[PDB]
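One chain follows as structure tokens, the form deposited in one PDB entry.
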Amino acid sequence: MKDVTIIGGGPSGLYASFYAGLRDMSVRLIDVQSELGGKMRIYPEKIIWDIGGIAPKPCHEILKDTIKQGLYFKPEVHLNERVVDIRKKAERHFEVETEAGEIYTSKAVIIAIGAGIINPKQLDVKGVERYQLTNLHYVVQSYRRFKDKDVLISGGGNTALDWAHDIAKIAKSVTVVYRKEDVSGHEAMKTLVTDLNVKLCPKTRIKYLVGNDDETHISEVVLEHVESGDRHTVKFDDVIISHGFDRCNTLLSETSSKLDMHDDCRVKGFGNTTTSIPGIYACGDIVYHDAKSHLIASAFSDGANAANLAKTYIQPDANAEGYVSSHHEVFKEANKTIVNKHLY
């Protein structure tokens, strides 16, 4: 039986998986998404400054480091699986169940679901689920691909307007279709007005997408004025959508094992990642305790704590904490090529 099932592969669950491995626990890691990272996947292009010990660089670069670390001890990773129940059969015997009916057993459970399940708002056009493999975007990880391109952005929110300005620096042109009701960034908009190669189209929506003959890429877009109904069709190289996010977090309200909650979104942590049920621990944005910050740094220290507390739940007389990695024997073989590279 697995020592611990970790539900959620954001920064907190990833680090928890790593530290659980450091404490010599077998790990099962589960996430509903097709990729790990959680909310970090929402802002890949943004420069992160406030992670301890890390010089500022794009979030997506930091995410890749965090995943590699999280998966170092080779946990059993279940992607594309939504957890819908947590049951405690007995001490050191838990059941975690997915919406597809899979049931996973463990001696402990770590809940790391953060803000829950989050996806970008899908463009309301049939049927465009194939263009998101190519030139229909819901994130922007870098701007390089847009050099000398004609680019369409849909949305008037801060994110869309910032994207528009930055992409316009190297793109041939940027067109922004939006509703004025969505515009909360007054200064961001004024900047776009002064960008010579940005065309602002208020009261305008994407109505249809025109695919190429291979039907694998967007070739043109049919735009519609929301009052006049006037339509025109314009060629674009890329289409970027920023319509907000769909959020879903039903697990802890529907679960068999009820935990004391801080609010309707957060588990009450008892001074740390300890929950109201022994054997279940909560780390990251999902938990509230007095030492929390809404930071990745806190998600990390939470993950160490959860792994430690799970270990001593499973082994009452195990060491309260993990051995420092610097002198940890589990890394001795792996350290060899690193030293050799760095010290010789």
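Numbering starts at 1 and runs along the sequence shown. Residues that one form lacks are left out of the comparison. We call the rigid core the largest set of C-alpha positions that still match within 1.5 Å between the two forms.
Remark: stretch with higher mean C-alpha B factor among 124-132 and 203-211 is 124-132.
Higher average CA B factor: 259-267, of the stretches 111-119 and 259-267. Of all the options 175, 98, 105, 272, the entry's greatest CA B-factor is assigned to 105. Across 86, 192, 240, 221, the greatest Cα temperature factor reported in the deposited entry is at 192. Per the PDB record, residue ranking by Cα B-factor puts residue 150 in the lowest third of the chain. Placement of the Cα temperature factor of residue 320 within the chain: middle third of the modelled residues, per the deposited record. Per the PDB record, residue ranking by Cα B-factor puts residue 20 in the lowest third of the chain. The deposited CA B-factor of residue 279 belongs to the highest third of values across its chain. Per the deposited record, the Cα B-factor of residue 308 falls in the lowest third when ranked against the other modelled residues of its chain.
The following text describes the form deposited in another entry, which does not appear among the structures shown.
Just a single entry of 74, 89, 258, 203 exceeds or equals a 2 Å CA shift between the shown form and the other one, which is 203 (rigid core superposed).
Fitting the two forms on the rigid core leaves the C-alpha of residue 103 displaced by under 2 angstroms between the shown form and the other one. Once you line up the core between the shown form and the other one, the Cα of residue 244 ends up 2 Å or more from where it was.
Core-aligned CA deviation for residue 268 between the shown form and the other one: less than 2 Å.
In the other entry, the Cα-Cα separation between residue 59 and residue 241 shrinks by 3 Å or more relative to the displayed conformation. The pair residue 11 and residue 241 is tighter in the other entry: their Cα-Cα distance falls by no less than 3 Å compared with this form. In sequence order, 120-250, 263-265, 341-344 are the runs of at least 3 residues present in both forms whose Cα atoms shift by 2 Å or more between the shown form and the other one once the core is superposed.
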